[PDB]
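Engineer: One structure coming up, written as structure tokens, with questions to follow.
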Amino acid sequence: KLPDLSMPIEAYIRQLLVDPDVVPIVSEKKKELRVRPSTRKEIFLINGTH
Amino acid sequence: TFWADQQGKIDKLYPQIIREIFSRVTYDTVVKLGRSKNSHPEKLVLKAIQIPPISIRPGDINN
Amino acid sequence: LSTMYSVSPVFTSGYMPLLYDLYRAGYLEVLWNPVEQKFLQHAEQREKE
Amino acid sequence: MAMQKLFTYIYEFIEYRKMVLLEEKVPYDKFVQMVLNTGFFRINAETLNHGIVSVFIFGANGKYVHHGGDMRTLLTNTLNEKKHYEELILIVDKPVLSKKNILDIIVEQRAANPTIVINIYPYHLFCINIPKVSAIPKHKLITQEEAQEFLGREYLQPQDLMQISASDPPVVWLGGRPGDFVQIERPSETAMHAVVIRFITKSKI
Amino acid sequence: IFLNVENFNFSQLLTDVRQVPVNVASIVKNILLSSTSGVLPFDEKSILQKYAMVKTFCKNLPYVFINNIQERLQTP
Amino acid sequence: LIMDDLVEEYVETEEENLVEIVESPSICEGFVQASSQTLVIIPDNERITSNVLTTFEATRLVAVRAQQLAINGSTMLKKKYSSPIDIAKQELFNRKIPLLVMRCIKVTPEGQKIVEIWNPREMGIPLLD
């Protein structure tokens with residue numbers, strides 16, 4: 001737990017997604033921000049589907 | 001054993017593949033299908049089985 | 001009878017415990033017959049025995 | 001002899017419900033002629049609460065119980081008039097209660113008009129004076145206040161009571177609805193009659 | 001009641017005898033046998049009092065199913 | 001090659017016919033402890049249960065008292081009895097039993113255990129002697 005701002009934008013958003021309240025928004029077309037959740041995660045697409 | 005039939009394309013549904021499939025199911029789908037949140041299909045695939053206490057397997061079931 | 005038998009009396013509105021105690025020991029006849037002293041001495045004899 | 005018994009007993013069913021008759025009463029022969037020609041007979045009754053109760057006596061071989069579309073059209077048309085329409089009663093043959101399609105239109109119409117009560121009943125429900133049957137004990141609806149005081153004294157919920165279906169013939173003749181309470185004076189061979197209160201649940205169909 | 005019971009049964013006849021918790025006649029017979037009296041003289045007040053006691057006892061009989069407290073309070 | 005100890009394969013045939021949304025909070029999933037109850041003792045004048053002990057209640061009272069006299073034995077009885085069972089029976093008959101009878105009328109969803117407390121020393125005793 002307890003993510004850290006030291007790392008670039010990775011493994012601090014990943015650790016953020018460990019919390020169920022923090023849900024991401026995914027586009028499946030943009031390549032800037034790519035993270036892999038540590039565990040199974042529920043997401044929302046950019047249009048709204050869950 | 002479960003088999004995936006895609007218009008004759010035959011491929012075996014391994015428990016790892018089934019877990020990958022079941023881990024993509026939302027709790028919204030689980031609830032809307034009449035199942036409890038404790039009955040998520042992700043629990044149907046086990047990577048760590050429980051060996052029972054020796055109290056129920058005295059010194060055959062241990063073979 | 002309480003001094004001589006385990007019928008330590010209490011009184012309620014319907015005296016239902018009173019009647020129940022008059023049933024276990026016998027002596028339900030006191031409700032309609034004067035007796036009282038008849039089996040009071042019988043109770044003395046039983047306790048003595 | 002189903003149609004004769006239906007004709008003689010539906011009107012006492014209406015009267016037992018404390019409903020004033022509407023329109024007029026027709027002879028038996030004209031009744032069966034209408035049943036064979038139009039496919040059904042409609043009886044209109046008015047409740048004490050100024051509502052309207054319509055009884056539809058369909059025929060065993062009528063087209064309205066063989067094609068779902070005809071029944072849908074009839075229900076939509078009848079529900080489209082200007083009447084309070086407290087309850088719709090459709091009396092059909094016993095196998096009609098097994099034909100799933102008709103039951104599906106009945107459910108669809110019930111969902112379409114939630115404030116409107118639609119119930120489909122077999123012939124045998126109105127082929128005898130149900131309250132006068134010897135085997136049937138006296139059923140009576142008790143008001144919600146009496147039921148609440150009874151439950152409060154007994155420390156009970158309405159769901160703890162014994163259940164009774166709203167399609168139960170005595171309950172149908174009483175007009176009880178789900179969520180109501182019925183007091184039943186049942187004969188007893190141990191206490192020489194007894195009183196039981198049952199909770200009215202969802203009617204079968 | 002027991003003619004209606006006859007109507008929805010095959011061969012269940014109305015009977016004169018019932019299974020009851022208390023045999024009242026036996027109690028009365030025992031009290032009369034144990035009574036140190038017999039053929040009491042006519043007394044209107046006593047007879048009316050006995051009738052009133054029996055009527056009140058019948059009215060308060062269902063209180064054996066609750067308790068003496070509710071009987072004293074005469075709750076519904 | 002011949003095995004005798006077969007296991008007799010077992011078959012069940014009658015199937016049963018029982019009749020936002022987020023992952024899980026710390027409330028819906030969990031809280032198996034069940035909320036604590038408060039004891040709502042019905043007032044003595046509002047009690048509706050019998051003022052007579054049932055044979056079950058009297059038997060339980062005597063058994064509890066005799067078991068307690070097995071380890072204890074400080075007794076308020078006058079006459080001396082050589083067994084805890086007799087002592088407990090006489091305590092119940094002499095209305096000296098130090099126990100009470102609680103009859104749980106209802107457990108409410110809000111968390112109330114509505115009970116009637118009855119004193120066996122003011123109750124009818126149905127036991128024999």
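Lettering and numbering for the structure tokens are positional, with chains as A, B, ... in the shown order, residues counted from 1 in each chain, and ligands counted from 1 in the shown order.
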Would you kindly return, as a compact mmCIF listing (two decimals) with N, CA and C atoms, in the first residue's frame, each protein, DNA or RNA residue with an atom no farther than 12 Å from any atom of residue 51 of chain B, considering only C-alpha atoms and excluding same-chain residues fewer than 4 positions away?
Structural biologist:
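around_25.txt written:
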# COMPACT_ATOMS: atom_id res chain seq x y z
N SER B 55 -7.37 -33.70 11.48
CA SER B 55 -8.43 -34.22 12.33
C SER B 55 -9.48 -34.98 11.52
N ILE B 56 -9.66 -34.63 10.25
CA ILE B 56 -10.61 -35.33 9.40
C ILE B 56 -9.94 -36.33 8.46
N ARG B 57 -8.62 -36.46 8.54
CA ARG B 57 -7.88 -37.47 7.77
C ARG B 57 -6.87 -38.15 8.69
N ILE B 61 -7.49 -41.43 2.66
CA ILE B 61 -7.84 -40.19 1.98
C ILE B 61 -6.57 -39.37 1.80
N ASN B 62 -5.53 -39.73 2.55
CA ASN B 62 -4.25 -39.04 2.43
C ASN B 62 -3.45 -39.51 1.22
Engineer: Name all residues at most 10 Å from residue 12 of chain D (count only C-alpha atoms; drop same-chain ones fewer than 6 positions away) and give them as an NGL selection string.
Structural biologist: :D and (18-19 or 126 or 128-130 or 173)
Engineer: With N, CA and C atoms retained, write the just-selected residues as an mmCIF file, in the first residue's frame.
Structural biologist:
data_model
loop_
_atom_site.group_PDB
_atom_site.id
_atom_site.type_symbol
_atom_site.label_atom_id
_atom_site.label_comp_id
_atom_site.auth_asym_id
_atom_site.auth_seq_id
_atom_site.Cartn_x
_atom_site.Cartn_y
_atom_site.Cartn_z
ATOM 1 N N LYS D 18 -71.177 -7.967 -2.587
ATOM 2 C CA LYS D 18 -71.881 -6.724 -2.273
ATOM 3 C C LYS D 18 -71.737 -5.711 -3.408
ATOM 4 N N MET D 19 -71.992 -6.177 -4.626
ATOM 5 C CA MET D 19 -71.910 -5.359 -5.828
ATOM 6 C C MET D 19 -73.298 -5.216 -6.432
ATOM 7 N N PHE D 126 -66.760 -20.562 -10.199
ATOM 8 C CA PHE D 126 -68.069 -19.917 -10.172
ATOM 9 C C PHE D 126 -69.189 -20.868 -10.575
ATOM 10 N N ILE D 128 -70.441 -23.092 -8.450
ATOM 11 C CA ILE D 128 -71.105 -23.461 -7.208
ATOM 12 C C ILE D 128 -71.028 -22.261 -6.279
ATOM 13 N N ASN D 129 -71.992 -22.159 -5.369
ATOM 14 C CA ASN D 129 -71.920 -21.145 -4.322
ATOM 15 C C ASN D 129 -70.818 -21.554 -3.355
ATOM 16 N N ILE D 130 -69.639 -20.952 -3.520
ATOM 17 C CA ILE D 130 -68.478 -21.354 -2.723
ATOM 18 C C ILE D 130 -68.698 -21.150 -1.227
ATOM 19 N N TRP D 173 -64.235 -15.151 -3.706
ATOM 20 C CA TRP D 173 -65.608 -14.726 -3.464
ATOM 21 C C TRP D 173 -65.668 -13.580 -2.463
#
Engineer: Can you tell me, as a list in words, what residues are no more than 10 Å from residue 21 of chain B when counting only C-alpha atoms, ignoring any on the same chain fewer than 5 positions away?
Structural biologist: residues 13, 15, 16, 41 and 42 of chain B
Engineer: Near residue 39 of chain A, counting only C-alpha atoms, which residues have an atom at most 10 Å away, once you skip same-chain residues fewer than 3 positions from it, shown as a list in words?
Structural biologist: residues 14, 15, 17, 18, 36 and 42 of chain A; 23 of chain B
Engineer: Can you build me a table of chain F residues sitting at most 12 Å from chain E, with the closest atom pair per residue and its distance in Å to one decimal, using only C-alpha atoms, sorted by chain and residue number, as a tab-separated table?
Structural biologist:
residue	atom	partner	partner_atom	distance
F:43	CA	E:69	CA	11.3
F:44	CA	E:69	CA	8.4
F:45	CA	E:69	CA	6.5
F:46	CA	E:70	CA	7.7
F:47	CA	E:69	CA	7.5
F:48	CA	E:66	CA	5.2
F:49	CA	E:66	CA	5.6
F:50	CA	E:67	CA	4.7
F:51	CA	E:67	CA	5.5
F:52	CA	E:67	CA	8.1
F:53	CA	E:67	CA	11.3
F:118	CA	E:67	CA	11.8
F:122	CA	E:68	CA	11.8
F:123	CA	E:68	CA	10.6
F:124	CA	E:67	CA	11.0
Engineer: With N, CA, C and O atoms kept, could you save the residues just selected as a PDB file, in the first residue's frame?
Structural biologist:
ATOM      1  N   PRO F  43     -43.141  -5.125  31.530  1.00  0.00           N
ATOM      2  CA  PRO F  43     -43.595  -4.840  32.894  1.00  0.00           C
ATOM      3  C   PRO F  43     -44.460  -5.968  33.437  1.00  0.00           C
ATOM      4  O   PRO F  43     -45.125  -6.686  32.689  1.00  0.00           O
ATOM      5  N   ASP F  44     -44.429  -6.120  34.763  1.00  0.00           N
ATOM      6  CA  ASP F  44     -45.103  -7.245  35.404  1.00  0.00           C
ATOM      7  C   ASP F  44     -46.597  -7.268  35.106  1.00  0.00           C
ATOM      8  O   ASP F  44     -47.192  -8.347  35.019  1.00  0.00           O
ATOM      9  N   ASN F  45     -47.218  -6.101  34.948  1.00  0.00           N
ATOM     10  CA  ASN F  45     -48.646  -6.046  34.665  1.00  0.00           C
ATOM     11  C   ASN F  45     -48.972  -6.243  33.191  1.00  0.00           C
ATOM     12  O   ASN F  45     -50.150  -6.400  32.854  1.00  0.00           O
ATOM     13  N   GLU F  46     -47.974  -6.233  32.312  1.00  0.00           N
ATOM     14  CA  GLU F  46     -48.185  -6.473  30.892  1.00  0.00           C
ATOM     15  C   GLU F  46     -47.831  -7.892  30.475  1.00  0.00           C
ATOM     16  O   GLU F  46     -47.923  -8.214  29.288  1.00  0.00           O
ATOM     17  N   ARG F  47     -47.432  -8.742  31.416  1.00  0.00           N
ATOM     18  CA  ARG F  47     -47.035 -10.101  31.080  1.00  0.00           C
ATOM     19  C   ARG F  47     -48.251 -10.938  30.703  1.00  0.00           C
ATOM     20  O   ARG F  47     -49.312 -10.837  31.323  1.00  0.00           O
ATOM     21  N   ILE F  48     -48.090 -11.768  29.676  1.00  0.00           N
ATOM     22  CA  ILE F  48     -49.172 -12.613  29.186  1.00  0.00           C
ATOM     23  C   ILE F  48     -48.877 -14.098  29.322  1.00  0.00           C
ATOM     24  O   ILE F  48     -49.773 -14.914  29.068  1.00  0.00           O
ATOM     25  N   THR F  49     -47.665 -14.484  29.704  1.00  0.00           N
ATOM     26  CA  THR F  49     -47.365 -15.894  29.874  1.00  0.00           C
ATOM     27  C   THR F  49     -47.928 -16.398  31.199  1.00  0.00           C
ATOM     28  O   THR F  49     -48.293 -15.622  32.085  1.00  0.00           O
ATOM     29  N   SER F  50     -47.995 -17.720  31.323  1.00  0.00           N
ATOM     30  CA  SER F  50     -48.631 -18.332  32.480  1.00  0.00           C
ATOM     31  C   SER F  50     -47.866 -18.014  33.758  1.00  0.00           C
ATOM     32  O   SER F  50     -46.633 -17.959  33.771  1.00  0.00           O
ATOM     33  N   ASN F  51     -48.610 -17.805  34.840  1.00  0.00           N
ATOM     34  CA  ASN F  51     -48.028 -17.633  36.163  1.00  0.00           C
ATOM     35  C   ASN F  51     -47.699 -18.960  36.827  1.00  0.00           C
ATOM     36  O   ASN F  51     -47.285 -18.975  37.989  1.00  0.00           O
ATOM     37  N   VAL F  52     -47.884 -20.067  36.116  1.00  0.00           N
ATOM     38  CA  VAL F  52     -47.543 -21.401  36.593  1.00  0.00           C
ATOM     39  C   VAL F  52     -46.314 -21.872  35.834  1.00  0.00           C
ATOM     40  O   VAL F  52     -46.248 -21.742  34.606  1.00  0.00           O
ATOM     41  N   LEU F  53     -45.335 -22.403  36.561  1.00  0.00           N
ATOM     42  CA  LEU F  53     -44.183 -23.009  35.914  1.00  0.00           C
ATOM     43  C   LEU F  53     -44.607 -24.236  35.121  1.00  0.00           C
ATOM     44  O   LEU F  53     -45.411 -25.048  35.585  1.00  0.00           O
ATOM     45  N   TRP F 118     -39.998 -13.973  35.230  1.00  0.00           N
ATOM     46  CA  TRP F 118     -40.931 -14.569  36.170  1.00  0.00           C
ATOM     47  C   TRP F 118     -40.174 -15.067  37.389  1.00  0.00           C
ATOM     48  O   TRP F 118     -39.091 -15.645  37.268  1.00  0.00           O
ATOM     49  N   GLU F 122     -43.071 -16.918  43.295  1.00  0.00           N
ATOM     50  CA  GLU F 122     -44.462 -16.481  43.266  1.00  0.00           C
ATOM     51  C   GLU F 122     -45.255 -17.210  42.189  1.00  0.00           C
ATOM     52  O   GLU F 122     -46.283 -16.702  41.732  1.00  0.00           O
ATOM     53  N   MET F 123     -44.801 -18.386  41.778  1.00  0.00           N
ATOM     54  CA  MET F 123     -45.377 -19.132  40.671  1.00  0.00           C
ATOM     55  C   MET F 123     -45.977 -20.442  41.163  1.00  0.00           C
ATOM     56  O   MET F 123     -45.653 -20.935  42.246  1.00  0.00           O
ATOM     57  N   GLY F 124     -46.867 -21.002  40.348  1.00  0.00           N
ATOM     58  CA  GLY F 124     -47.399 -22.322  40.630  1.00  0.00           C
ATOM     59  C   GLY F 124     -46.393 -23.405  40.269  1.00  0.00           C
ATOM     60  O   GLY F 124     -45.761 -23.370  39.215  1.00  0.00           O
TER      61      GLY F 124
END
Engineer: Taking only C-alpha atoms into account, report as a PyMOL selection string which residues of chain D lie within 12 Å of chain E.
Structural biologist: chain D and resi 132-138+149-150+153-154+185-194
Engineer: Would you mind listing, as number ranges by chain, all residues of chain A that have at least one atom within 9 Å of chain B, where only C-alpha atoms are what counts?
Structural biologist: A: 40-42, 50
Engineer: Run DSSP on the backbone and tell me which residues of chain F come out as alpha helix (DSSP H); list them as a PDB file with C-alpha atoms, in the first residue's frame.
Structural biologist:
ATOM      1  CA  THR F  55     -42.770 -29.018  34.032  1.00  0.00           C
ATOM      2  CA  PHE F  56     -39.895 -28.102  31.711  1.00  0.00           C
ATOM      3  CA  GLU F  57     -39.236 -24.845  33.570  1.00  0.00           C
ATOM      4  CA  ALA F  58     -39.561 -26.388  37.036  1.00  0.00           C
ATOM      5  CA  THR F  59     -37.335 -29.310  36.040  1.00  0.00           C
ATOM      6  CA  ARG F  60     -34.709 -26.940  34.632  1.00  0.00           C
ATOM      7  CA  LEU F  61     -34.844 -24.797  37.780  1.00  0.00           C
ATOM      8  CA  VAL F  62     -34.371 -27.836  40.018  1.00  0.00           C
ATOM      9  CA  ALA F  63     -31.546 -29.186  37.849  1.00  0.00           C
ATOM     10  CA  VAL F  64     -29.718 -25.841  37.783  1.00  0.00           C
ATOM     11  CA  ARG F  65     -30.137 -25.350  41.531  1.00  0.00           C
ATOM     12  CA  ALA F  66     -28.947 -28.883  42.310  1.00  0.00           C
ATOM     13  CA  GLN F  67     -25.932 -28.555  40.014  1.00  0.00           C
ATOM     14  CA  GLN F  68     -25.055 -25.262  41.703  1.00  0.00           C
ATOM     15  CA  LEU F  69     -25.430 -26.899  45.126  1.00  0.00           C
ATOM     16  CA  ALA F  70     -23.023 -29.563  43.875  1.00  0.00           C
ATOM     17  CA  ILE F  71     -20.177 -27.027  43.719  1.00  0.00           C
ATOM     18  CA  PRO F  84     -28.563 -31.744  46.078  1.00  0.00           C
ATOM     19  CA  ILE F  85     -31.622 -32.899  44.123  1.00  0.00           C
ATOM     20  CA  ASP F  86     -33.786 -33.074  47.249  1.00  0.00           C
ATOM     21  CA  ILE F  87     -32.406 -29.740  48.463  1.00  0.00           C
ATOM     22  CA  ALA F  88     -33.245 -28.061  45.148  1.00  0.00           C
ATOM     23  CA  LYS F  89     -36.716 -29.628  45.076  1.00  0.00           C
ATOM     24  CA  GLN F  90     -37.446 -28.403  48.606  1.00  0.00           C
ATOM     25  CA  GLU F  91     -36.068 -24.959  47.725  1.00  0.00           C
ATOM     26  CA  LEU F  92     -38.538 -24.789  44.846  1.00  0.00           C
ATOM     27  CA  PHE F  93     -41.349 -26.091  47.069  1.00  0.00           C
TER      28      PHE F  93
END
Engineer: When you look at segment 20-23 of chain A with a cut-off of 10 Å (counting only C-alpha atoms), what residues show up, excluding the ones that are within fewer than 6 positions of it in the same chain? I need them as an mmCIF file with N, CA, C and O atoms, in the first residue's frame.
Structural biologist:
data_model
loop_
_atom_site.group_PDB
_atom_site.id
_atom_site.type_symbol
_atom_site.label_atom_id
_atom_site.label_comp_id
_atom_site.auth_asym_id
_atom_site.auth_seq_id
_atom_site.Cartn_x
_atom_site.Cartn_y
_atom_site.Cartn_z
ATOM 1 N N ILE A 13 -0.042 5.003 -9.623
ATOM 2 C CA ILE A 13 -1.412 4.828 -10.076
ATOM 3 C C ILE A 13 -1.848 3.376 -9.939
ATOM 4 O O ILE A 13 -2.996 3.098 -9.592
ATOM 5 N N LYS A 41 -9.360 -5.520 -11.474
ATOM 6 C CA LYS A 41 -9.870 -4.169 -11.292
ATOM 7 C C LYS A 41 -11.059 -3.926 -12.207
ATOM 8 O O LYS A 41 -11.043 -4.311 -13.379
ATOM 9 N N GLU A 42 -12.088 -3.282 -11.665
ATOM 10 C CA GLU A 42 -13.214 -2.824 -12.462
ATOM 11 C C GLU A 42 -12.926 -1.429 -12.997
ATOM 12 O O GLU A 42 -12.456 -0.554 -12.265
ATOM 13 N N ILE A 43 -13.208 -1.230 -14.282
ATOM 14 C CA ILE A 43 -12.879 0.001 -14.983
ATOM 15 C C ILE A 43 -14.135 0.540 -15.653
ATOM 16 O O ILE A 43 -15.168 -0.126 -15.727
ATOM 17 N N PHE A 44 -14.029 1.771 -16.139
ATOM 18 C CA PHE A 44 -15.027 2.372 -17.009
ATOM 19 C C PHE A 44 -14.345 2.836 -18.286
ATOM 20 O O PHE A 44 -13.254 3.410 -18.242
ATOM 21 N N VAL F 22 -20.928 -1.755 -6.361
ATOM 22 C CA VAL F 22 -19.484 -1.725 -6.275
ATOM 23 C C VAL F 22 -19.015 -3.080 -5.753
ATOM 24 O O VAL F 22 -19.816 -3.958 -5.440
ATOM 25 N N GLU F 23 -17.695 -3.266 -5.681
ATOM 26 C CA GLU F 23 -17.108 -4.554 -5.329
ATOM 27 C C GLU F 23 -17.657 -5.083 -4.011
ATOM 28 O O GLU F 23 -18.366 -6.094 -3.991
ATOM 29 N N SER F 24 -17.349 -4.397 -2.915
ATOM 30 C CA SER F 24 -17.904 -4.698 -1.603
ATOM 31 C C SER F 24 -17.480 -3.616 -0.620
ATOM 32 O O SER F 24 -16.310 -3.213 -0.609
ATOM 33 N N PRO F 25 -18.386 -3.119 0.210
ATOM 34 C CA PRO F 25 -17.973 -2.202 1.276
ATOM 35 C C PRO F 25 -17.593 -2.965 2.532
ATOM 36 O O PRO F 25 -17.682 -4.196 2.567
#
Engineer: May I have the residues within 12 Å of residue 32 of chain A as a ChimeraX atom specification, using only C-alpha atoms and disregarding those fewer than 5 positions away in the same chain?
Structural biologist: /A:9-10,26-27
Engineer: Please measure the separation of atom CA of residue 62 of chain D and atom CA of residue 17 of chain D, giving the value in Å to one decimal.
Structural biologist: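 For atom CA of residue 62 of chain D relative to atom CA of residue 17 of chain D, the distance reads 27.5 Å.
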Engineer: Which polymer residues have any atom within 12 Å of an atom of residue 49 of chain C, counting only C-alpha atoms, with same-chain residues fewer than 6 positions away left out, as a PyMOL selection string?
Structural biologist: chain C and resi 4+42-43
Engineer: Convert the current residue selection to file output with N, CA and C atoms, as a compact mmCIF listing (two decimals), in the first residue's frame.
Structural biologist:
# COMPACT_ATOMS: atom_id res chain seq x y z
N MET C 4 -44.49 -27.39 58.65
CA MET C 4 -44.44 -28.84 58.70
C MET C 4 -44.43 -29.51 57.34
N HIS C 42 -52.34 -35.42 60.59
CA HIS C 42 -51.75 -36.41 59.69
C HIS C 42 -50.43 -35.90 59.13
N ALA C 43 -50.36 -34.60 58.83
CA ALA C 43 -49.10 -34.00 58.42
C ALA C 43 -48.07 -34.05 59.54
Engineer: Could you please select, counting only C-alpha atoms, the residues of chain C within 9 Å of chain E and state them as a PyMOL selection string?
Structural biologist: chain C and resi 12-16+29+32-33
Engineer: Could you dump the residues just selected with N, CA, C and O atoms as a short mmCIF file (atom, residue, chain, number, x, y, z; two decimals), in the first residue's frame?
Structural biologist:
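Wrote part_1.cif, looks like this:
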data_model
loop_
_atom_site.label_atom_id
_atom_site.label_comp_id
_atom_site.auth_asym_id
_atom_site.auth_seq_id
_atom_site.Cartn_x
_atom_site.Cartn_y
_atom_site.Cartn_z
N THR C 12 -51.50 -14.83 45.21
CA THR C 12 -51.67 -14.00 44.03
C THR C 12 -53.16 -13.76 43.82
O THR C 12 -54.00 -14.18 44.62
N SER C 13 -53.50 -13.09 42.72
CA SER C 13 -54.89 -12.72 42.48
C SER C 13 -55.78 -13.95 42.34
O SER C 13 -56.81 -14.07 43.02
N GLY C 14 -55.41 -14.87 41.46
CA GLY C 14 -56.17 -16.08 41.28
C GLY C 14 -55.79 -17.22 42.19
O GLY C 14 -56.35 -18.31 42.06
N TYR C 15 -54.85 -16.98 43.12
CA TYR C 15 -54.29 -17.97 44.03
C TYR C 15 -54.03 -19.30 43.33
O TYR C 15 -54.24 -20.37 43.90
N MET C 16 -53.57 -19.23 42.08
CA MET C 16 -53.22 -20.45 41.34
C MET C 16 -52.07 -21.21 41.99
O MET C 16 -52.16 -22.44 42.10
N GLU C 29 -59.24 -30.82 49.98
CA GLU C 29 -60.57 -30.81 50.56
C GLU C 29 -60.84 -29.57 51.40
O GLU C 29 -62.01 -29.27 51.67
N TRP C 32 -63.61 -26.93 50.30
CA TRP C 32 -65.03 -27.10 50.55
C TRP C 32 -65.37 -27.71 51.90
O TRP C 32 -66.51 -27.58 52.34
N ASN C 33 -64.42 -28.37 52.56
CA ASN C 33 -64.73 -28.98 53.84
C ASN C 33 -63.98 -28.29 54.97
O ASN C 33 -62.85 -27.82 54.78
#
Engineer: Mind listing the strand (DSSP E) residues of chain B, per DSSP on the backbone, as a PyMOL selection string?
Structural biologist: chain B and resi 2-6+9-13
Engineer: Report, in Å with one decimal, the straight-line distance from atom CA of residue 18 of chain B to atom CA of residue 2 of chain B.
Structural biologist: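 About the pair atom CA of residue 18 of chain B and atom CA of residue 2 of chain B: they are 9.2 Å apart.
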Engineer: So which one's closest to chain C, F:94, F:26, F:83, F:74? Using only C-alpha atoms, please.
Structural biologist: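 For chain C, the nearest of the candidates is F:94.
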Engineer: Just how far from atom CA of residue 40 of chain D is atom CA of residue 65 of chain D, in Å to one decimal?
Structural biologist: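 Distance between the two atoms: 9.7 Å.
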